[PDB]
Each structure stands twice: as C-alpha cells, then as structure tokens.
Amino acid sequence: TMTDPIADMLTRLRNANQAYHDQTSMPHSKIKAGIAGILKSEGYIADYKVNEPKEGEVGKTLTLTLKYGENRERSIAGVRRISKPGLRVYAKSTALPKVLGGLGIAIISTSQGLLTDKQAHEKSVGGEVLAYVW
Amino acid sequence: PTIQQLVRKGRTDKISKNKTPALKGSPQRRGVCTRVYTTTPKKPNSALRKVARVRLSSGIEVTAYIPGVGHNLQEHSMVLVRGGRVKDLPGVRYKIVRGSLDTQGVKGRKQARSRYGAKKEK
RNA sequence: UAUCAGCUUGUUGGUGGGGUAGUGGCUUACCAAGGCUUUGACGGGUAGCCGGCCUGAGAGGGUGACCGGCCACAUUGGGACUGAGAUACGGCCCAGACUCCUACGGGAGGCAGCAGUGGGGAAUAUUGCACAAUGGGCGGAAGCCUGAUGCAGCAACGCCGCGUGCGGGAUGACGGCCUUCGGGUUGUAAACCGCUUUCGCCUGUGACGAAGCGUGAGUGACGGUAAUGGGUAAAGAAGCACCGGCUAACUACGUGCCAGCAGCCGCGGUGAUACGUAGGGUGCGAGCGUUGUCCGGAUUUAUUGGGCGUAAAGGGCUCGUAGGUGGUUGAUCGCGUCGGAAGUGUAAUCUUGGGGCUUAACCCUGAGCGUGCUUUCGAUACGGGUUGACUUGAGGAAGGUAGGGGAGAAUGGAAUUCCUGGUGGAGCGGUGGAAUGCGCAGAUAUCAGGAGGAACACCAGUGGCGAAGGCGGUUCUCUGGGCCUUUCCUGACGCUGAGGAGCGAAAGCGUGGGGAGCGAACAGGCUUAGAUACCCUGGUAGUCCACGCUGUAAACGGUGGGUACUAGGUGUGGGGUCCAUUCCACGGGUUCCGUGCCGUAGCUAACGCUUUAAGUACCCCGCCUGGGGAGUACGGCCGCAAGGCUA
RNA sequence: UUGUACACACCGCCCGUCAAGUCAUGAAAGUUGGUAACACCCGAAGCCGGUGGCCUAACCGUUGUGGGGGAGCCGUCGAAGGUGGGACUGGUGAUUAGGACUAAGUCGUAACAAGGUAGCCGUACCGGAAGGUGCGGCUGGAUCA
RNA sequence: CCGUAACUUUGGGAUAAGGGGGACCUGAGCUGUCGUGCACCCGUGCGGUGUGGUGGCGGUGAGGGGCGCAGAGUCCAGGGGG
RNA sequence: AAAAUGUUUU
Ligand SMILES: [Mg+2]
Ligand SMILES: [Mg+2]
Ligand SMILES: [Mg+2]
Ligand SMILES: [Mg+2]
Ligand SMILES: [Mg+2]
Ligand SMILES: [Mg+2]
Ligand SMILES: [Mg+2]
Ligand SMILES: [Mg+2]
Ligand SMILES: [Mg+2]
Ligand SMILES: [Mg+2]
Ligand SMILES: [Mg+2]
Ligand SMILES: [Mg+2]
Ligand SMILES: [Mg+2]
Ligand SMILES: [Mg+2]
Ligand SMILES: [Mg+2]
Ligand SMILES: [Mg+2]
Ligand SMILES: [Mg+2]
Ligand SMILES: [Mg+2]
Ligand SMILES: [Mg+2]
Ligand SMILES: [Mg+2]
Ligand SMILES: [Mg+2]
Ligand SMILES: [Mg+2]
Ligand SMILES: [Mg+2]
Ligand SMILES: [Mg+2]
Ligand SMILES: [Mg+2]
Ligand SMILES: [Mg+2]
Ligand SMILES: [Mg+2]
Ligand SMILES: [Mg+2]
Ligand SMILES: [Mg+2]
Ligand SMILES: [Mg+2]
Ligand SMILES: [Mg+2]
Ligand SMILES: [Mg+2]
Ligand SMILES: [Mg+2]
Ligand SMILES: [Mg+2]
Ligand SMILES: [Mg+2]
Ligand SMILES: [Mg+2]
Ligand SMILES: [Mg+2]
Ligand SMILES: [Mg+2]
Ligand SMILES: [Mg+2]
Ligand SMILES: [Mg+2]
Ligand SMILES: [Mg+2]
Ligand SMILES: [Mg+2]
Ligand SMILES: [Mg+2]
Ligand SMILES: [Mg+2]
Ligand SMILES: [Mg+2]
Ligand SMILES: [Mg+2]
Ligand SMILES: [Mg+2]
Ligand SMILES: [Mg+2]
Ligand SMILES: [Mg+2]
Ligand SMILES: [Mg+2]
Ligand SMILES: [Mg+2]
Ligand SMILES: [Mg+2]
Ligand SMILES: [Mg+2]
Ligand SMILES: [Mg+2]
Ligand SMILES: [Mg+2]
Ligand SMILES: [Mg+2]
Ligand SMILES: [Mg+2]
Ligand SMILES: [Mg+2]
Ligand SMILES: [Mg+2]
Ligand SMILES: [Mg+2]
Ligand SMILES: [Mg+2]
Ligand SMILES: [Mg+2]
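Residues numbered from 1 in each chain as written, not as in the entry; some residues may be left out. Chains lettered and ligands numbered in written order. Part of a larger assembly, values for the part shown. Heavy atoms only, no water.

The name the PDB entry assigns to chain B is 30S ribosomal protein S12, from the organism Cutibacterium acnes. As recorded in the PDB, the entry bears the title "Cutibacterium acnes 70S ribosome with mRNA, P-site tRNA and Sarecycline bound". Under the Sequence similarities (unreviewed entry) heading, UniProt states for chain B: "Belongs to the universal ribosomal protein uS12 family." (UniProt positions renumbered as here; feature names shortened; annotations may be inferred.)

The PDB entry lists chain A under the name 30S ribosomal protein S8, from Cutibacterium acnes. Taken directly from UniProt, the Sequence similarities (unreviewed entry) text for chain A runs: "Belongs to the universal ribosomal protein uS8 family." Under the UniProt heading Function (unreviewed entry), the entry covering chain A gives this text: "One of the primary rRNA binding proteins, it binds directly to 16S rRNA central domain where it helps coordinate assembly of the platform of the 30S subunit."

(A) Spotlight on the environment of B:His76. Residues and elements named next belong to chain B. By secondary structure assignment, the location of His76 is in the loop between strand 3 (61-65) and strand 4 (78-83). Judged by its relative accessible area of 61%, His76 falls in the exposed class. Along the primary structure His76 and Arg11 are separated by 65 residues, whereas in three dimensions their C-alpha atoms are 50 Å apart. Sequence-distant contacts of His76, defined by excluding residues within four places in its chain, comprise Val32 and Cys33. (Helix = DSSP H or I, 4+ residues; strand = E, 2+ residues; numbered from the N terminus. Buried < 20%, exposed > 50% of the residue type's maximum accessible area, 1.4 Å probe, protein only. Contact = heavy atoms within 4.5 Å.)

(B) Representation of the sheet that holds strand 5 (residues 94-96) of chain B. All names here are of chain B. Around the barrel, which closes on itself, the five strands sit in the order 1-2-3-5-4 with mixed pairing between neighbours. On average, each strand axis in the sheet is tilted by 50° relative to the strand beside it, whichever way the strands run. In terms of strand pairing, strand 1 (residues 28-39) meets strand 4 through five bridges, oriented antiparallel. When the sheet's bridge partners are listed, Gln28 is paired in strand 4 with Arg82. (Pairing = 2+ DSSP bridges. Axes fitted to C-alpha atoms, helices over the stretch in contact; angles between N-to-C directions.)

Here it is, written out as structure tokens:
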C-alpha cells in the first residue's frame, strides 16, 4: 500500500518530467500543496492548482503544470526524497544541506512551515529534510 | 538491505586471515634447525631450494627458506626466523635471517649486503 | 558467542527486629511466590575503562605506551584490627606454596617502590647525583625525611636541527667502464687556485633557573654545563636500498631451469636491462632496508556508500506472532524534531592567534573544539501520543459469474494382459543385424464369452484454475478461492512479517490391501578389446488404494510480497455496459480483471527486460561478500530408516 | 548457418577409481591433562552471639565486696583440605576416513559437438572407477514446424 | 530426606552411584475421636441433624536438652561400578 | 548402429 505520499509526488513529478508531459495530477494533501507552491516559487514548475473533486467526487486533486524551455529543455534536473518513512532525516540550523553546490534547493519542513534551505539558513531554523529538488 | 534489517542485524566484516601464525605476534623468532635439506620447487620453476625444518621457540615447527648463494647451517643450528613467503614452494612461509645467530652472511655479496648479512669489506 | 535456552529460593516483594556513617535481603524471623529472559537471561571467550593515539575526505576502523582521570591489585586464599580515612605495597592474624636461620625446641621473609640479578624473550637502560627547584610528611621554628621530583648515565628507539665544505677551474687529464675503436662516460668530478671555520678536537670566559631559602654567615645537584672569545686543519666526519612493469633509475661480464631472484605478474633452458659481479644511474641520507602489526587503497559489510534473471545472492509456497511501516483531515499534547539561555564537558592533547628557546622539534599563553548530557524558556511544519471526523485503501452485504481448485462416493467406454471356447497351422516375436524367448503339448493370428487392474483418445492449445507443489472420463454430494456491478454497509480495520506453524512433484519408509500395463534391482541374448551400458527377451520392489512418515527437486520466470507512476501496437480468457439492424445474435465500441507477443522512454557488462519491468519510487522480509575444502566435519534438533535442517 | 567447457585450437579439452609420495584434517578401544563449579565431611584466623566456677589497679561499697572487664570455653558463619559424582575442554591414540598437492604411473572415456544413449535436479537401487538404470522435474537441449 | 551417569525401545537403567537424619528427656500447635454440657432443626413419642463443649484417649511434633565407643545400638537386613 | 586414446622439450 501507499507508504510515502511525498515520495509518490516526487516520483510522479520525475516520471512526468522525464516523459515530457505538460501536466501531472495526484491526490491532494496539505504538505503536497506546500511543496508544489515552493516549487513554483523557486521556478521548477510552471504552475500548480488544487481542484475540487468532480470525477471521483471524493477528494481534492493537486495538478502541477511543468515548464520546458526553448528546444524542449527540462526545467527540473532531478528530484530526490531524503526523509524516508523507513529512516527520517533532520538537519540543524548549522548543518543544513547544500544541493548541487547550492544551485539546487533542499526542501526542509521547519517549525515555521515549509522553507527552502536558503530561507531556513536565513531564519536559523532547522527541521526535517524532505527533498533535494534541483 | 532495509534500514530495519541493518538495525536488527548489522554488517560484519571479513575475517582478515593471518599469514604467519608461528611467529605469534613477533617480528622474528628464534629456533633450532631440526632438519636441513633441499626441496624441488613447483612448476614452472626447477631448482634445489634450500630449506630447513625449524623448531621455533613458540613451540611450533615450520619450514624456512635459506636465501643467498651459500649455506653453513646444519643440524641443531640456532637460527633467527622472520616472515616471508616463497611463492614457488608450497608450505614455506618463513625465511632465515642471514648474519644472525649461527647462520652467517653470504660469502661473496657486494650488492644488497644488508639483506644477506654481509659485513662491508674495505 | 545461540554449535550457550532456560536462570534464580535470600532468590523477588512485604512486615517486625538487628546492624551500619548511611539507604538496602545488608542481616534475621515470619508471610507471600515472585524476579530475569529470543529486544538474548544464564553460560563460554576475550578485556582494566577513559581523556587520548594511529589511520581516514569524512563516516568509520584499529588501539588504551609516555602524560592525565577513575578502578582493581601488592607471594596465593581468607580475615579483621587500629584509625577521620584501609585492596592497609615497604602493618597484623590464619592457611597454602616458596626462600632463609636454627643448638631441631623453634624462628624470619615477600622489588608489580628505585637501581640491580637470574630467567623467559626477536627485544627494552645505571646497583648514578642532589634535596638547589617544585610537591609531600612531622616541628612553634631553625630543621629533619622524601629512589616523589629535579637531574645525570645508557641505547639512532622516535621527532627536530646541523655538519661532512664554498667559489673558480677544459687541457674536458689519467684510471676504471663501455664502444660502432670514431669515441662516449664517470666529470668541474679530480688535479690545480683562492677562500670560510658551524660541529668535532685544543684553550679562555662563564650563566639563568633563587623576587627561593637562611636570624645571619651563607646557599645550584645539574656544572666549568649552556652560551661565548681564541686556535687547528678542507681537515676528524656517508652510508643504505634500488634500477623488467606497477616504480624514479641500464649496460657489460659470469652463469646456463644450474646457481639463484620474487610483493604480484613472473625471471633463469646460451645475446638474462629480473640471478652474481662491475661501471653508470635513481631514491633517500645518519640513516637505509627487511620482518611484524594496524589503518588506507577495499564502495572488498556499501549509514555516508553495494547488491541478488544468467556473475556469489529471492526462503519451495502460504498463513501468521513479536517487530518495522501507515490514506485525507479538525482539535490538542509538545515525547521525537527545531531554536535560545544557564550549567557541565579539568588539565594535557588537537585546531588556531600571539610569545619564548639562535631556527625547528619542543615549551608557554589566549581562543576554539570538547561533536554530548542535564536544567529551563520558546516554535508546532513533520513523526508519534490522545481524541473526532472522511471514504478513495481494505473488508462485508445484495445481485451477476468463469473454471482440469479440492475432498468423497458411485459409475462409463476403448485398449492391454490373463482365462474359457471356436477356427486354423508354422512360425511368432524382435533388431542396425541378430539371438535369448515363445510355438505342432497348436503359438502368432482370428471370433465369442468372462475376469481384473490401471490410465482417461477426441474435446485439449496459442487455453482455464490453484499460494506453491500441482489440477483433464461422466454423474451426484460436500467445500475453497477468484472476477464484475451501480447503488448499500463498516470507516484505515492496511502492508509486510524474524522465530513458529501448516501445505509441499517424484522417489523413499511403515502397516494392510491390490497388482493389468510399465519397470530400478536381477537373469539371459546381442554389441564390444571389455559392456557391471546403450539395444532385445524376461522380470521383483515400486507405480495403485487406505492410513501415517519423510519434507527434498533445474520446488525455475533461476526474477519475495504490497503500492504508485512512466509510449504504443496486437492476439486471447472472464464479468459488465452501449450502439445500429435485430427487438436474438452477427457486429462494432467502452469499462474492470487476467493472460501472451511486438515495442518507446528508461535500465543492463552484455544477453536482454520494458505497464505482467530486470524502468522511476516508498514500505517490510529472505539472502550474497573469491574459487575449492563444503552444505563436509564436530555439536544439536527432526526421522522407523534413508537422510533432512542448522553449520 | 547452428552448438561448444576447444583457442597448444578434436592429435583439443576433460572425469573418477587404483598405485606412490607429501601436507593439513575427521573417526576411533582408549589414554593423558586442564578449567569452572556443585553436593557432603572436617574446619584455622576472625567478627558476631553465648557462656566464664578462673583472673581482675580506676567504678561503687553494708570497705566481708559488688559492678564492669579479661583469659578460657561453646555456637553460627568461615579459607584451605578431604571424599564423591557430573559438566566443559587440550594433547595423544593402534586402526580408519575422506580432502589438497605432486611422476611426464595404471584403468577406462563420464562431460564439452546430437560428445556419439541430449545434459542436469531430487530420490532410489546397482556397479573396479568414471558412471548405469527407474520415477518425477528443468531447458541452462534439439529434431521437425 | 536429598541426590543419581553412559545408554535407551522413553517404560527404563535406579535402591544407579553417592549423602544427611534416626533412639532418649522435655516440649510449644497442629490434628483423629469421644465427651457431661450451650443454643437449635426436631418430622420430636426421631434408635435423628447442623452449630457447639473447659476434658479423656490416641496420632504427630518445631525447638530445647542428656548420656555413651556406639542411638536402623540386639535379632533382622542389597555390596557397588566398568 | 556401436567405433577408445594423444606424458616431461626449451
Ligand atoms: Mg526491614
Ligand atoms: Mg587481563
Ligand atoms: Mg576500546
Ligand atoms: Mg597512567
Ligand atoms: Mg575504627
Ligand atoms: Mg603500609
Ligand atoms: Mg599506597
Ligand atoms: Mg616491597
Ligand atoms: Mg625494579
Ligand atoms: Mg634470553
Ligand atoms: Mg619544601
Ligand atoms: Mg622553613
Ligand atoms: Mg632516609
Ligand atoms: Mg621507469
Ligand atoms: Mg650473459
Ligand atoms: Mg572500507
Ligand atoms: Mg590491506
Ligand atoms: Mg559488489
Ligand atoms: Mg528486489
Ligand atoms: Mg548464480
Ligand atoms: Mg520463488
Ligand atoms: Mg525450508
Ligand atoms: Mg502487527
Ligand atoms: Mg500519516
Ligand atoms: Mg494538525
Ligand atoms: Mg594549549
Ligand atoms: Mg620564535
Ligand atoms: Mg579540555
Ligand atoms: Mg497522531
Ligand atoms: Mg455471492
Ligand atoms: Mg481417497
Ligand atoms: Mg492431444
Ligand atoms: Mg502457453
Ligand atoms: Mg458513516
Ligand atoms: Mg518449517
Ligand atoms: Mg509417491
Ligand atoms: Mg508402500
Ligand atoms: Mg506391502
Ligand atoms: Mg530391459
Ligand atoms: Mg516445478
Ligand atoms: Mg534457489
Ligand atoms: Mg515473503
Ligand atoms: Mg516489487
Ligand atoms: Mg493486461
Ligand atoms: Mg538487474
Ligand atoms: Mg549434512
Ligand atoms: Mg582456453
Ligand atoms: Mg579427534
Ligand atoms: Mg563447619
Ligand atoms: Mg566474644
Ligand atoms: Mg562479672
Ligand atoms: Mg570458634
Ligand atoms: Mg573450599
Ligand atoms: Mg592415528
Ligand atoms: Mg563419452
Ligand atoms: Mg552422452
Ligand atoms: Mg544396471
Ligand atoms: Mg531411581
Ligand atoms: Mg542408594
Ligand atoms: Mg525433636
Ligand atoms: Mg547411625
Ligand atoms: Mg526390623
């Protein structure tokens, strides 16, 4: 059964980006919506939208529309899940990870909401290292 | 393996085989020559490699090679035995230190003298 | 360490007393029956622990010398005494083992204090000086004691520093070595010329450590030491390893698979850059090699950081216990998590900033580090706890439905064999060819009748079902699971699952039954050099049934289960639903679940896999760590045995 | 073109007995040690608990002593020793088993090609040895499509 | 009363082996049974029943103590293990 | 249709 819906989101995004799909969809959760929002604010996806259920009439659907540049070029070089259900990863304000030498962003869930490493370091707050999207 | 599998049963290293058990944690050991003889090497080589069955002071008896052209040690000759394998000789894992105790340095050495216990000549 | 699974009876708890500096089964009496343990008790093995040290990019791995902290011990075992304080090292008592004295009655002793001896060992020092300094004991004090300590001796054992010369010198001298006999090389090397004097040697001066101590006088073990002036002579001062590749550096002579070399690959069999020597060279240098040991390289136990289709590796399969793990969401707690504050993390080490030794090693000093822990105050995104919702995961109801799923019983036909009878007569059978064999005592063949056991042609594969092993005559009885469906119900009840349990082809085993055909063993015939085989004729267990046992297979898709996502194309099995003509069905669609083939992205060492993954991901389990030895030995468990399992 | 374990290239490679030697290891009547304990018997020192007729300067006396103490003695515990039966483990052992390596020994040719009977897996029996055969399974075989 | 091996057909081997205690005096409490008696069910006038009785008799006894060379003090009555 | 084998050079 489903164990890590965040990892499911990440793998859905990775597979869709690899297959050059314009949009991907998944069941909605608050943390998924937050990660999608910070992905959009960091420019890794074109946009995102939460849709009220009208096909299954059961639950909200989170849909990410991706962006490909000139000559069909990926805007996401990769995404990786860090804090797995089997083994969870927490980083302090001083030991915050760097992704792609600082080019990519680690997504960290801090006590002040979802914050990209750069943000956390500015606020000197750590938390659970969710992802390494770059 | 999963993280839970590693937690339940961790990694275990290899055994790290020992090479010279008879020395018993010593760089070299004293022994007495219980037998001095020659052995034919394994193929593809061919010779009359000079070896000795030695009763080392650890109580273990092993076969030691005698390096260098020249040889004086015989029955009940006290020798110093160091590590060192002779590849084309099955069962020989030790060598006899020339120039120490009864065994003496190779006579006509002029190069690599220290490895054969040959004093410098004026 | 499970090839140690049970341990404990003052043991676990209670009450009263006793005891002690003190709590306490510490002790005692009485009462109760606890306590510990597969998250590894009990037992075995090894070991003083740490600050640190070595290695490593780090994570780690190895280690516990000096120095510093704690512990334990002082000939072995036990015991108390004295005391503020006792494992009482240089105390006492008893016993044991030792050594010594003895007048034989009895006494004395304990270097794991410092130095030293014997011994063991590859291996580790002087039976030194001083209490001048610092520390300690006693004394009011002068002072006394201090093998603590400060020093010296010894050893290249480690680290660091310095020297063995510097400049000039072509005529590129001799001599070695090589040669193509031209020369090349050693080589600016030498000779020769001019310089310098660190260290060593000779001689002079000569401390600091003492702002101490002492009423004073006086007072430095180290010590004529360090430092330093003068003198001597370029002199008193260079070795070791290596030169086939990794690996910096090559030739000649000698040897001829000999002598020997080697870390691996390998070298030596007459042109050896690999053996031995020489010249030349290279790396290091008061060292250089070898051996031992550790870490690295080794991502070669992979948390960082690996894998399991065929390379070593998926349990034969499922059920299920502990455990691990958890769809959406409200509230709350603030354990994980995160952020401050305080305390602590001695010193030394280590990193780093300053300073001192002529520099360095080393030393002093400031800071950092001390990766944690405790206390306390905050934050609430996530994990978790508590609590309440939701239905999409999961299960259920109702209806629809496919099938060699299983068990039991009865029963159908063909064929084989045997039996009885009729007919008929010379062979039949069998092979590459034969023979053994059967047959005039009538076989083979042929027809009729009967008995019996076993397997179910066609349907039937490109298919169905089952967790796997597997499952095919028909009928009935009993029974398991799957699939679909719009409504319906419950509301995360899910997934996986160590150990454990069950199921598990065939062969095999036990008791009884049955026995047609087939057929290990066996007998004979052939083939053959032989034929313990292939082939042929016979033929017993077995194959069959009932009830058990065994528990293994190339038990294979050599691919664990669950879930989500990622081109298609094209067969086929099952359930729906839609359409037109029907008012059947042919047909097309569409949807859900199977089962094949082709094939993109992607992956793979390749072969190949590719929505039924070996792709992209998350959860849990099993397993691998070079080939043999070996799935073997020993032990234990299971079994009637064969053997299986663990290893 | 297909198969291959051959590449010294089928005059290839390669398997197992037997014979010889060497090394390590297992079994074994036994034999020889070691360690850790257990149950009893005895039990020193000692502390504690009793007792003390004997010995007692401080205390008190009715000044004949008493109090209190001490030697001694007894009891519990108790090191060591004794006795006994087990547990674990090292060496060794006539004899025996297989493993590894070495003649360039003997006997066959089992596998690798359809290896000349396709191979292999489990099991069973048989055989100097490889192996042979039965039963079920696999393709890591193939013929013919 | 404690404890007991190889092996095993799991029954055994086994009384394996190897240990401790025993008698005498005193004796706390615990019990078997009966008991005049208390109350009570009485179907009483039943040949009864359940509570309930200081006691008698018997059994058993923790602890304490005595004596001897010796406490299963005589008779009686396995030796054991390989 | 069965039809075996191929030491040690340097
Ligand atoms: Mg108490
Ligand atoms: Mg020790
Ligand atoms: Mg350690
Ligand atoms: Mg120390
Ligand atoms: Mg005292
Ligand atoms: Mg003392
Ligand atoms: Mg002391
Ligand atoms: Mg002493
Ligand atoms: Mg000493
Ligand atoms: Mg010695
Ligand atoms: Mg002083
Ligand atoms: Mg003074
Ligand atoms: Mg003195
Ligand atoms: Mg080179
Ligand atoms: Mg030559
Ligand atoms: Mg490593
Ligand atoms: Mg290494
Ligand atoms: Mg690997
Ligand atoms: Mg896998
Ligand atoms: Mg494999
Ligand atoms: Mg499987
Ligand atoms: Mg199994
Ligand atoms: Mg559970
Ligand atoms: Mg959750
Ligand atoms: Mg919430
Ligand atoms: Mg410092
Ligand atoms: Mg300086
Ligand atoms: Mg510190
Ligand atoms: Mg919660
Ligand atoms: Mg139904
Ligand atoms: Mg049946
Ligand atoms: Mg058919
Ligand atoms: Mg098929
Ligand atoms: Mg509801
Ligand atoms: Mg089982
Ligand atoms: Mg069967
Ligand atoms: Mg049978
Ligand atoms: Mg039978
Ligand atoms: Mg036959
Ligand atoms: Mg199968
Ligand atoms: Mg397997
Ligand atoms: Mg599984
Ligand atoms: Mg999977
Ligand atoms: Mg499909
Ligand atoms: Mg793979
Ligand atoms: Mg076995
Ligand atoms: Mg080859
Ligand atoms: Mg043995
Ligand atoms: Mg006693
Ligand atoms: Mg006393
Ligand atoms: Mg008195
Ligand atoms: Mg006593
Ligand atoms: Mg004792
Ligand atoms: Mg023997
Ligand atoms: Mg063959
Ligand atoms: Mg064959
Ligand atoms: Mg046969
Ligand atoms: Mg018995
Ligand atoms: Mg007895
Ligand atoms: Mg009594
Ligand atoms: Mg008696
Ligand atoms: Mg009697």
